[PDB]
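Here is the structure we will look at, set down as structure tokens.
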């Protein structure tokens, strides 16, 4: 016998272990592989696909299609606020059930840039201009347009090209931020303001809707696998 | 199965063991390293930095800044003693809480030479000369200047260069000495005497203060890690 | 790794003054014995290997222990992972302002039968589960919870009598180093608790009995041992003088800078 | 001829001279510099103001009395209300800087005394009340110096700093503060101390209001003494210049 | 494909888009630039903040009524309370700048009206 | 944890005391939120008595006959980090030590407030 | 892919063998033989070099 | 017939050894180092390429 000595850890079952083991079915011949469309190699490939944001998640609107609709209308002034929410892509109820959010909730750390695409869905006769703004943390969320304008922003002019992209760049003191809510790694604020009005001719509807989409940029990644808080169980199903 | 035989020591947990072990987090991607100033590779790099000695550690003076101050004054004679303490760099209360001492109290053995730097902090109008002396063991500590003079010593003349270095060389029958108190490895004695007087003009203070610093020479080393007697605990903190 | 030799020197009479300097400058003098006395030449072979930062830090230490029972009220243990509840390892780490390391975790789990009146006790062997929940993961609120299903949380299962269970953890910070000290706040208004960040957040450990054994009551104790590995460290500090008071802050009771002796020429301690 | 006691330091539209100096301490051997591409994480283009902010600011003076325990200043915060350095702190999420610190105190050849001048990274201080942590007003002097105490601060149910000098507010031995970058101002040798401090942190950039990452401390080890008929008012004066300053994350002004 | 009606303009952390534009007028043929050595008179080293101040600021909106006579804005002064451009105005004796001005007004294919947009050097009133 | 866990507050009879209990959550704290306020009166030898509870999305009053209708939460939104309470129409017989207990597993925190009520309205 | 390295021995060389078994670096054994040193950043952090045989201030 | 491969390490290489012991592929250890990606089948599944700087519809 070769003289050996067992180390601590001997005979434990660690659920993330990677060891060989004898097969119960010697020489079994697996069914050959087929070329199937849509092969997935990495979960980030899913995260980079756009999905629809439920921005208007207020009261009973989460039990209908209205949660995905952002109201806009012709006003009797300018510069009022359209929406606002925080950059908490895994923890904000705005973001938590998107494709990006559902993947994030299996991880502890996230890093990288994010894209918000907006699509105007009024009639072709409606025109308008909007200010989309991101304000890094440290001073709170902006309350007027003249304070939102100081941060990073895009002025969207509505026309033949129906959609506009706001890029939220990675601006952080750390290389990563937590998926859970945490003030040391606060993300900042996203808001939208009327730059000019919505203007329509007679016999066109003066109320309209915008839709928002989220996805990850090519610089995005996640760390430290964990269990999601979304699925649960009291007994084994039947 | 390869025929093997377990040796004694199998399945023990020895706290200073060095074995591989499976990671609980497969393929996790650590945050990249940053260039941070002040990297430390070896605790001796700390020991070679000077720190202030509490020579006047008498009574309530340990609860003030006076513990670090060595009194000198203009006398009506010469040759009286200024201070004395033993070369017990880990065990003497004079030395035990310095940088050098705090590192020593994690070790069982010490070897090498030591430097004591003195800085005169009287007024620029004050002059004086001092004898700094080390007396190897075997005959007890000197009680007069004429006995201190027989050993190894420096005569410090106070002037534009404000500081003077006494080197305590390694003179021992053994290659190492114990950090704990032990008569077989006694270190000897350090004393300081007035060589001439402190002399000042009128309208200058006739009392003054010296400060002492300790560090290790480039020949110094330590052996056999242990627990320090300085930190303790009755329950887990909260 | 060796220490420096001693150069032999003879008598001297010159303008060179190696032993006179100015400590005001912040510089530590580089004097050796040959500067101030006649010395022989010495071939020194002593080494400094036992005081590298790695060898100084890489020993197992118990950071925490707790208890849980097979019946009654406290059926599982729960511990937020930290180094700041045990004095000996905290003090060693706080020699440095910033530090990177990996960890080796070892668990020492032992059990004791408790006094009772139950007759005919024939307990079977006990298995234990230890689950690690990263921060943000859901936590169990009872010993029989779906959380113990551990689809994505690493868990170790271990039966009494075998070798102690052990696993490695990589450097886990969102920052480029762990910070042992933080002079600031987490909230931008600085009206909160001072000294709190999340650069050291490591998660939670839960431990339970899988089976109850027999009809009698049994209490177990789990001791957690941390050994740092692959260490890098920066910005040395004065070692902690005052005794530790709290786990989450540096609060102290004032104390003298050392202990006393009788007089400034006294050769012994008091 | 030449003398190694004289020194001039020019930054932006400011210059400082001294005729009785010791040397200049440089950090941990590292001179300050801008953050490089292969260590950056924030993606936006940084602003680098470069003379509007990298220049000497002189703070309010402080009196050295025979019983003074000592003083401290948290560094980003000490300059936070002061010039365009303050304005850039107020308008940006993120900032990065080093410093040139210069401490001045002259007195005659008949005065005596000795001060330690130290720059302490991450000087997290303790509360007098063991369960509490100290309030902001107790820790942040804000362009006015904060004072140490001679005796222990009494425990109550307060939020005061445990201020006693021989533990440096930090539960340590004050004589061991020489492991940090430092000089001594010893009245018979020297009337100035200068330390060049590089940026130090566990992250590449940080918020400047939330976190004070270095603390200047000035502590008399040998008390001020003199004889009657000599001048009794001896001030100490600190001047600080940020070096290689950068800012990221522009938005509306404030800290909340 | 392509269309000469669309335009994007990015400065600092700001960007502006438009889908029905005409062209871009450049001054008197001269694009803005820093002052050169052989035309300088002030000897101190200038500060050049470069993204903190060179970016789009949006002013308060104004209503076009059927009887509106028109509006004017003096340029340094319009931005004088506004961001780090305002702060640098407040802390310095001397300043030098050009501008990109962008005026926006949309309405339907059923509205009609015409505005002159002019930039007047030295408009002493 | 809770911001200032040890403090003392002085008010006069007839005025209404604000007892601040503001807390911050760690990312590990993912259990359900529990908020308890209990009392140890100075005059009386009864000790550790619940006065007001909050659990499972709702409040529970009516635990201390003495403070009946005179103990309420001050925040419209408690789970955002505010568990402060108001006591009203203060009299001498309530001088004591109030205790605020916030639970969200794994995390647990408490805060002790020593309320002194004085005869005359005067901080001396 | 074994690596051979020298053991710690006394003065007045003998070797040992290692093979990594796991897929992550954090599983490896400790790094106990890094004996580099650099004390000059803590001692002597001065802008002007100070030659030991000369006066420090002139 | 040992295979040597690189471990997962940090950025600012170290190797490990494996030998298969069993006769079926299904006995081998997991395949944890396959880092290829191909998101263009899910993003951009359009017949006509869309150049990012141009209008999408003309």
Revision key, fill the gap. Inter-copy distances for residue B:4, nm, shortest first, label points 7 Å along Cα→Cβ, are 0.2
Exercise for review: Starting from the Cα of residue B:127, step 7 Å along the direction of its Cβ; do the same at residue B:172; then give the gap between the two resulting points in nm.
Suggested key: 4.2 nm
Check your understanding: By its C-alpha gyration tensor, with a ≥ b ≥ c as the square roots of the eigenvalues, how is chain G shaped: rounded for a/c under 1.5, else prolate for a/b larger than b/c, else oblate?
Key -> oblate
Review point. Which of the peptides A:220-233, C:17-30 is most tightly packed, and how do the rest follow, judged by the mean count of other Cβ atoms within 10 Å per residue?
Key: C:17-30, A:220-233
Practice item. Return, ordered by residue number, the residues of the stretch D:118-139 whose backbone nitrogen is under 13 Å from a label point located 7 Å along Cα→Cβ of residue D:155. Key: D:127-132
Check your understanding: Shielding of B:115-122 by partners, i.e. mean partner chain Cβ atoms within 10 Å per residue?
Key -> 6
**Study point:** Other copies of residue H:47: label-to-label distances in nm, shortest first, labels 7 Å along the beta-carbon direction
**Key:** 7.2
Check your understanding: Rounded to the nearest 500, what is chain E's calculated 222 nm mean residue ellipticity when only DSSP H runs of at least 4 contribute -39500 (n - 2.57) each, over all residues?
Key -> -2500 deg cm²/dmol
Check your understanding: Summing -39500 (n - 2.57) over the DSSP H runs of n ≥ 4 in chain C and dividing by its residue number, what mean residue ellipticity at 222 nm do you reach, to the nearest 500 deg cm²/dmol?
Key -> -1000 deg cm²/dmol
Revision key, fill the gap. Note on chain D: alpha-carbon gyration tensor, axes a ≥ b ≥ c; rule is a/c under 1.5 for rounded, else prolate if a/b larger than b/c, else oblate; result oblate
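Do you know the relative contact order of chain A, to the nearest whole percent, from alpha carbon pairs under 8 angstrom that are 6+ apart?
Relative contact order of chain A: 32 percent.
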**Study point:** Considering only the protein assembly as shown, percent of DSSP beta bridges that pair antiparallel, nearest 5
**Key:** 95 percent
Review point. How do the peptides D:175-183, G:19-27 rank, highest first, by the average count of neighbouring beta carbon atoms within 10 Å per residue?
Key: D:175-183, G:19-27
Check your understanding: Distance from the Cα centre of the stretch A:88-161 to that of the stretch C:28-49, in angstrom?
Key -> 68 Å
Point to revise | Within chain A, helix-based [θ] at 222 nm, where runs of 4 or more DSSP H residues each add -39,500 (n - 2.57), nearest 500 | key: -1000 deg cm²/dmol
Point to revise | Innermost chain A residue relative to the axis carrying A onto B, by Cβ distance in angstrom | key: A:4, 4
**Study point:** Rounded FRET efficiency, nearest 0.05, which uses the C-beta distance separating residue D:45 from residue E:44 and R0 of 30 Å
**Key:** 0.70
Review point. Taking neighbour counts of Cβ atoms within 10 Å as a proxy for exposure, in what order, fewest first, do E:21, C:58 appear?
Key: E:21, C:58
Review point. What is the mean number of Cβ atoms from other protein chains located within 10 Å of the Cβ atom of each residue in peptide F:28-40, rounded to a whole number?
Key: 3
Review point. Residue A:11 to residue F:8: FRET efficiency via 1/(1 + (r/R0)^6), r the Cβ-Cβ distance, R0 51 Å, to the nearest 0.05?
Key: 0.35
Practice item. Tell me the label-point distance for the pair residue B:108, residue F:78, using the 7 Å Cα-to-Cβ offset, in nm and rounded to one decimal. Key: 6.0 nm
Review point. With contacts defined as alpha carbon pairs under 8 Å and 6 or more residues apart, what's the relative contact order of the stretch D:1-146 in percent?
Key: 26 percent
**Study point:** Computed over chain D: relative contact order in percent, which uses C-alpha pairs under 8 Å that are six or more apart
**Key:** 39 percent
Check your understanding: Roughly how many whole Å is it from the C-alpha centroid of the stretch G:1-56 to that of the stretch B:8-78?
Key -> 18 Å
Point to revise | Cβ neighbours within 10 Å from other chains - mean over D:196-208 | key: 6
Review point. Put the label 7 Å from Cα along Cα→Cβ for residue B:59; what are its distances to the other copies, in nanometres, shortest first?
Key: 8.0
Practice item. Determine, for D:225, A:29, the number of other Cβ atoms within 10 Å of each Cβ, and report the residues in order from fewest to most. Key: A:29, D:225
Check your understanding: What is the spin-label model distance, in nm, from residue C:41 to residue E:68 if the labels are put 7 Å beyond Cα along the C-beta direction?
Key -> 9.7 nm
Exercise for review: Report the FRET efficiency, 1/(1 + (r/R0)^6), for residue C:259 and residue B:182, where r is their Cβ-Cβ distance and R0 is 25 Å, rounded to 0.05.
Suggested key: 0.85
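Cβ: placed from backbone, ideal geometry, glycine included. Neighbour counts: every protein chain shown. No value in this document is a laboratory result; all are computed from the given coordinates.
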